[PDB]
Amino acid sequence: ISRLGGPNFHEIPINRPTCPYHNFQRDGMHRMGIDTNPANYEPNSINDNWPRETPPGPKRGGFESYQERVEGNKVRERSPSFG
Amino acid sequence: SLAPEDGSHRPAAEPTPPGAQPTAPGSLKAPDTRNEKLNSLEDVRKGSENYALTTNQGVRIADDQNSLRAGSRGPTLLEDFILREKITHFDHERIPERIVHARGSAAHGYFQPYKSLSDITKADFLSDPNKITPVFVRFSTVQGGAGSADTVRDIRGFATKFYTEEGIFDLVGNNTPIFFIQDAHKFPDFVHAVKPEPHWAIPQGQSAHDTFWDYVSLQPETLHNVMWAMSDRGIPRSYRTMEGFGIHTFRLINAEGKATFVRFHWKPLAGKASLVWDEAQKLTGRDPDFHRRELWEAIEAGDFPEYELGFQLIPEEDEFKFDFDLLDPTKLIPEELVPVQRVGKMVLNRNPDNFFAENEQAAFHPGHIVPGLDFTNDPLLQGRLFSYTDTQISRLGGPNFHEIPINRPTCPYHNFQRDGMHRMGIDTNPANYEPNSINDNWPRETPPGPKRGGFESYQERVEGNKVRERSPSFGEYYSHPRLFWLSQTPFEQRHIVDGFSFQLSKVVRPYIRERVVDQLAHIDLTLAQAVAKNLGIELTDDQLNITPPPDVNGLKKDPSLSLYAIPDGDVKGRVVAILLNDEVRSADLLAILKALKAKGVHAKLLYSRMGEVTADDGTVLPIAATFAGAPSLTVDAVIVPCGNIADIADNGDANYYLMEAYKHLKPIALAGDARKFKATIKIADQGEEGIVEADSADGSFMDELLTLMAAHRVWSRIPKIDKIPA
Amino acid sequence: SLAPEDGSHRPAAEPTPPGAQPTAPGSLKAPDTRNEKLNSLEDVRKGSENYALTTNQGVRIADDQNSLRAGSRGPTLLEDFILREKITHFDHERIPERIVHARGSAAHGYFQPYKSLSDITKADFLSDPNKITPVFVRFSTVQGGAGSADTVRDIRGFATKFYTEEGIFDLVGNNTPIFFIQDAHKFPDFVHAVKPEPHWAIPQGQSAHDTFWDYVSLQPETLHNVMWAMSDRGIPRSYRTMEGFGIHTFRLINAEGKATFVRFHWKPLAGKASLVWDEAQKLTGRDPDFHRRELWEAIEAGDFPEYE
Amino acid sequence: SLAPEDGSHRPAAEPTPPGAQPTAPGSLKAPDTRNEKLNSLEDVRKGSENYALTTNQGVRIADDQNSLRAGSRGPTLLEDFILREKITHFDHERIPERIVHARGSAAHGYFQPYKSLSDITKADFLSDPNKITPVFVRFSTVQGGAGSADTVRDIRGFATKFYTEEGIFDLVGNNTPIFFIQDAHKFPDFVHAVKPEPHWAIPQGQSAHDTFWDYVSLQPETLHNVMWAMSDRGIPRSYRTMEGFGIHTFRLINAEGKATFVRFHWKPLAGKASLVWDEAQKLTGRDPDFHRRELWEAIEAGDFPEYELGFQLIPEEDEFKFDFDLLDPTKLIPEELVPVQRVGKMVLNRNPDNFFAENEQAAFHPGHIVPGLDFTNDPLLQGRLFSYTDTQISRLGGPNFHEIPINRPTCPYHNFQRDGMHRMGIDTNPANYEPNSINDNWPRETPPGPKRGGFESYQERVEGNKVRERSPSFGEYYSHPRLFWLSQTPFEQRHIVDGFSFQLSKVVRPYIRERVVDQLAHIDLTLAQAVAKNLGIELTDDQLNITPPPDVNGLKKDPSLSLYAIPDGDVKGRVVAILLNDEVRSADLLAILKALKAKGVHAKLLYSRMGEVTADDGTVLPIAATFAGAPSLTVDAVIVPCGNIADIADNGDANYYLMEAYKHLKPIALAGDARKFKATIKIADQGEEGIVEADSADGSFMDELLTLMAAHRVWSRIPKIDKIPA
Ligand code: HDD
Ligand code: HEM
Ligand code: HEM
């Protein structure tokens, strides 16, 4: 945000994805992309809810975190195994 | 010298009623009002009288009227550094407005507890009734820009910065006890839906548009807060006359380490009061700064905004005792179930000096807590903790925003953080890391403890898998909207119905209106049918048969949810229009002003022109404003004294004054020949409840008027106003 | 599918009168309208239909309704990069508004001269009646913020960007033929005087306050433009029904090097029309976006703003 | 407590020589060294000892070693506001470096004039010899980034901010009396040509690359400052031993309104001295912070950098009496024609506390002048006036950069400018415009006058058409380069030829080399022939016949252009390496050390390891550094005392220490059996000038060594060094 001047740093040519990117984020300094979507929010009916979430799957699916088990209390403490 | 000889350019440094003097920077108007934070700002306050005009580098300017040019009709030269510095500074005056709550009005004050809370929290600011904590408070709307109007229908923000001896605590709340959404991941979606639509940037300061109601219809978790926004809660009369809430369940932590769940409340000591919709909308055109102005002038008059801080406290063992989740910020805790304990009082007693430096630059953030408080896993709160540090890096220019004077703590602050843009502090520590030997590890960590200890999080147990999933316990959307509905008076229900009908009539896509009516039918059939009738929609048989949602823990209403069900009227600080004529009966005017003064009610003397008029005994009466310049929208009640009533009886502006005031349910009082105005508002000869009338202003006349003003508005008049063309 | 079965969510892509259809982005509403600048913007226009929702790095999102937490009632985790990108972008949406003329409304169009002006100017965009130059025009008020109301009493801006074959020419004018002050050195003084006063930031969108009339009373050079502002010129009915002026004397320079002094005008082909004060003031309350709306809806109906 | 119990972590707060103690923030090293700017910074200086570690919001931290996680091996929680604040501030520490002069070292000090200059200027800081003006001075290179090396070949900046009672005056100069170019419109062309090339960003801190010499070969106006850069002026021994110049002609204006043209000079009271190239280039590797380190340590030792301000003064009527234009910044004013008049003395006597806050954020700008000074039409100065205000808007984050503490004036500043990012001052003035009546027009304009008056520009006549055209009076490129060349000693000429030869050797396109050699042939044929021989280029018959440019107003040399032609050596503050052995003759070392201390010369005791050695008589010698750790590059002279010379005589590092010092022309003294080292450097039995040798370090050995040090280097050794493999 400070180094590259704002939240549109992915639009700086070197950083741009070569695959498609579409979402409901808008504006910010030096915004390049001109969005034509009538909707800037989801869920929406006014654009039939596009762009849409994608379920996870074997290829081309949405991102889902691995459901690791978390068990412990809220601590600021170094694991004894690290000592 | 350009000031007038008589010194009438400078306002008196004493409290004065609204309109009596020009308004002024707070340290000029009230120089002897002090608190630890206002005194700490003295290092950066700059005066002006008797100083020379200079560049920012301290060079005295001889001619501030002209650019430097080659010849007096020639081109401007690049060596004019005086012109370029002055135009460069102007060119860079603006900073980004806040992404939400951009329109807001702020004041300084102080808070003091009523008793030590050490049994329930170790927070130092709550440890002793003689502990006085300076505060700075910013009230705001949500959707509109910094230049949008004040009296829009909207939720209002209510943000308090407490400058404590153990750190800054910011309580960043709104004027309703829930929010629209459950999880912070949806906040950009919701905010984009309510904000002006992206193709054309319309509408400003309004939720009455397709995308807002599209999102509401598709996200029934919104309906509870939508109900509050559609009620008269969405159009408060003053920031002095609305409630505040922290919304989220937080924790208090005591010196033994015990955690108690808490929700925060601010109760207005001037009582709860709202406008009516027609009046609020019209006021956005006649005075889009009405709330900003009213707050500033209340403080200059000594009508200080006062609020009691209150805590709803729930033991840790009672986390699951209710039929809603305590961590769900779309659910309220009914006061019938968990009472509000009154904990202390905040008084706002001084305006800023400079709005940009102190209000626009102020940074509030709910993750600014102190030892003795802690967070919960409310998933809207959890995401807020990220946003308010992040947004200030662009808004305020970098990571040193705590060095901007209004944001500075008044207690000590020392650490190993260095640099960043516009770094003010010049660190002398040889070390900028720890652990260090070279400064004997100073500044040093401090263990947690009962007082002056380091912050340690409550050691809550966390058990579960890493999931993006809404708790099933949050999946109930209708029972709170219905409890709120059932708790409103009949006229407050009519205003709700009217709010939904007005908003949905502005939605162009009719299916969205229909989908909202279907949601309302899941709350209350009467509501749904009344809104549907105004939209020309007929409920289906299925909609007529939807089972109402369950009561909340056995409640079918809670009157603390209504603005008006329980009387809390306070007249002090309110304002009356007195409509003058060119020969007022001075004895009416004496009696009126005396009775108002006794109750701390202000007046404004109005006429068809500016200047002065002369009463029957020769008293010279100065005119504050014209009938059109200061419409009835801006006052709480209207009084017409006797005199040469012919002077004004045919004035369309004075007649309209009283029609507008009548339509908006305001008390109206008419003395002697002023009773000829009964005809403009269609009052029967025998009179009507809410119109005070008598041969003279009489004194019993004034008690009756001030009784009506303590009840705020004349609700029983509502069926009579549909006739009035106004 | 959340859209209705009957297609009524989607505005007809053809000219329609105000209120007949929901309004839409211009390239959706009027896909057949083009000019050289609109064509050159194609490389940056982003669509939406039939695309997956992604991060800005192009990773497909599976659940855009929830943060990542340890258990469905537990704390949000710092590793949720989807949540933090989406909220970081939101957090930094705003940029500073314009110091003056922060409220304004804009549209694309095109300009063409009636004949070659080569005897008086070598400016390329005026050289040939067949040469069409794209424009982008913004109209504005002066004093209020970007979220202030349209039908205030104020001067109006009228700024045209001409995308010529020999460079951008911006004609940055107002709707009256003079300004308030003589020397640019005084602009921060005049603008501070008209702007909301610095202790309390009131009033918005209004010159009806002590500091403006203090300045005027001490600087009689301001009285000409003040007359204009106090007339119904200060409250136009539409951006379509107001005059435009460059105000300053500029120069045209022909190919032989001869200079002619020029002042620029725009004539509204819809004619000149203003509100009356009580209407204009009440309209700031009933529809603070009235001029922005009227401009957009005129263009959607085919009532194109035309100026000479 | 992690500090050693003996307190050896903390440097003594008293002057100490380089290396004796760790270096510290200036206010801790020299707390009693004060001036009005240093005292004015006290409101922002932050201590650390005895204070608790906190957030920037003043909350005490208990555990600054760990993030908050769900279990001690679990994930980090978003609610960790202490982690996020600390990492957010870290993440935004950097600000843009300066576009040019990014690499620089600064210090605080004071200036006093020798007598009132009221007859020639009304500037207040020159009006009274007892008026002391605080200064802050930054010295710099030009091309490299803020992390580039100090002893590169380049021009140096010499910038002085004077905090006067009538405004900040910045005198923003370099260490050569002209610049490379004539009109500011070419400054981005020239700087882009000298800077690292745009495809790969190489080379850093070097002009030895194709684009710089392409531009030079095409722009012969650059050749004069190119001559100075290729001489040993381009590689100063220290910031204390270089000249400063304002370059441009400015004006002085006295109280009667008479203008006198002026060029500004600084004379170094430590004398002029430069490195030799091979030493400078090696030093950029062994100690890229050598000038920063040397400045800081001189100040800590009390070897304060001192400079005398002087003026070349030309009456208005003599504007056109020279062969060159006074407004042309590629031309110098020879001191034989217009002598420098001594004006006053500047002493730098305190280091900053924090480099970022004071050095990195300092803003100097040559448009910051005061009444009694004014500009001329020099077309390089004229463009500079635009640039320095503009560049601070991005570098320092907006238009409030004069509020960052180091940049604040010490005199009053008041005006109508408001807001902007990072606004610190809270204005209380009811008015933010003038003229105003509501504050009686304060702060007010001030007419010009003899003292404490408003700024007014000198009413110079302008007459001409609007043109983009270079004055024909500027179109002469070669006579000043030639005057410079002929003014240098024979060894300085050799060093110039080697500078051009080395640089053009790195230009990869040979045609660029050839074109530069052709330009040299227009300056002086001996120069062009010598550089051509080193490049393997043969001059054509046409080149051999170019007629030399004219003399400059009759001069064929001016010795004041040489670093060394006129002796001005000063040994105080210089440093000598003493090569120890394991049993040093202690009487030698007593004599050596006390002779050095008597003349303020520092010593560094070196050996093959750290720790101690014990002398013949039991004296314990603490070791400063090893041979390889503190190479001969970092010292002015080398002394080897007698003792057990066999300890070190076959040590490769010890031998090479002497070879390197010998190649770089440094004085070397050898006592007793240390004379066995004569074979390493090939010195004859009957010895040679520049090598001091005796049976012992007594009698005249130290006087002879110190004589050699006052002459800086042994130039007569140059023909002896080419054979030597070092
Ligand atoms: C037209 C542009 C321009 C030109 C022609 C010059 N400069 Fe410059 N100079 C800059 C534009 C600039 C700058 C972009 O404004 C800098 C970089 C960062 C800053 O604050 O100023 C700067 C920095 C800078 C600094 C470092 C100040 C400091 O320590 O922060 C020095 C000493 C000079 N310059 C000296 C000179 C001299 C003696 C010049 C010719 C006589 C000269 N500059 C020409
Ligand atoms: C849950 C109900 C919420 C309430 C009552 C609330 C209240 C507020 C208030 C009162 C302010 C104004 C502070 C001021 O006067 O200066 C504010 C500003 C802000 N809020 Fe919150 N908010 C809520 C939810 C959120 C969420 C979930 C996010 C982020 C996902 C958020 C992000 C912001 C941002 C970015 C600002 C501007 C802050 C600044 O620029 O300093 N709000 N909100
Ligand atoms: C001569 C009378 C003037 C007229 C008619 C005029 C007209 C305008 C207009 C129409 C805009 C808005 C452009 C848009 O729609 O984006 C504007 C912006 C601006 N004007 Fe001028 N102006 C005048 C005088 C000045 C003067 C004298 C200055 C300063 C010396 C000035 C400084 C600015 C600034 C700082 C902005 C905002 C520009 C931006 O942020 O892009 N105005 N003015």
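Residue positions begin at 1 at the first shown residue.
Placement of Cβ uses the backbone N, Cα and C atoms for every residue, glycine included.
The active site feature in Swiss-Prot is assigned to D:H101, D:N174; the stated evidence is sequence analysis. What Swiss-Prot records for D:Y388 is heme binding site. Feature annotation from Swiss-Prot assigns region 'Disordered' to D:432-466.
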D:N174 (active site) in three-state DSSP notation: strand
Composition by DSSP (helix, strand, coil) of residues within the region 'Disordered' (D:432-466): 0 helix, 2 strand, 33 coil
Inter-residue Cα distance where the pair is the residue listed as 'heme binding site' and D:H101 (active site), in Å: 12
Around the Cβ of D:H101 (active site), the count of other Cβ atoms that are within 10 Å: 23
Count of other CB atoms lying within 10 Å of the CB belonging to D:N174 (active site): 24
For D:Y388 (heme binding site), the number of other Cβ atoms found within 10 Å of its own Cβ: 17
C-alpha spacing of D:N174 (active site) relative to D:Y388 (heme binding site), in angstrom: 16
D:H101 (active site) in three-state DSSP notation: coil
